[PDB]
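The data below hold one chain only, encoded as structure tokens and taken in the form deposited in one PDB entry.
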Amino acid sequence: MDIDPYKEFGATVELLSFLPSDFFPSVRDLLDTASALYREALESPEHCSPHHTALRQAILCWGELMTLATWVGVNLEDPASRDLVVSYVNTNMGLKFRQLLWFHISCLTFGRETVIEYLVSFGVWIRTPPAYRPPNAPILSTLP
């Protein structure tokens, strides 16, 4: 059906592809950040924000996938098949959920426009050759 996860917010898969795949934090760190910062808002009966709705959906889907991983690990018999299944569900969709979690957590923390211009700036920085790339890569922060 070709739905873009970030089209409604303002980004695209291509804009999120400026950051290298290994730039994103791990799933556990992202989930801990989301909990610690917005547990009371992600466990509330109100539409706090489209970012909150997207985080709720993504967190439920990741819980779905983790229950799948536990179920296959504790029920399936073939050890090699179990290993490949768990590795796939932890890496291939792990990256796709790391991207969503990072995008929405960073948007809620700093600002959607701030995250968009940060994506553009980091694209510029990572595109600059290493010889002329300054050592200070752009970061999202509220401090001088």
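If you superpose the two forms and keep the largest set of C-alpha atoms that fall within 1.5 Å, you have the rigid core. Residue numbers here begin at 1 and follow the sequence given. Residues that one form lacks are left out of the comparison.
Omitted here: the form deposited in another entry. The next part is about that form.
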Candidates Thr53, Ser81, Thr114, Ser26 - which moves between this form and the one not shown, C-alpha at least 2 Å, core fixed: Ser81
Is_shifted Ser44 between this form and the one not shown (CA, 2 Å cut-off, rigid core): no
C-alpha of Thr91 moved at least 2 Å between this form and the one not shown on rigid core: yes
Superposed on the rigid core, segments between this form and the one not shown of at least 3 residues with Cα shifts of 2 Å or more: 73-91
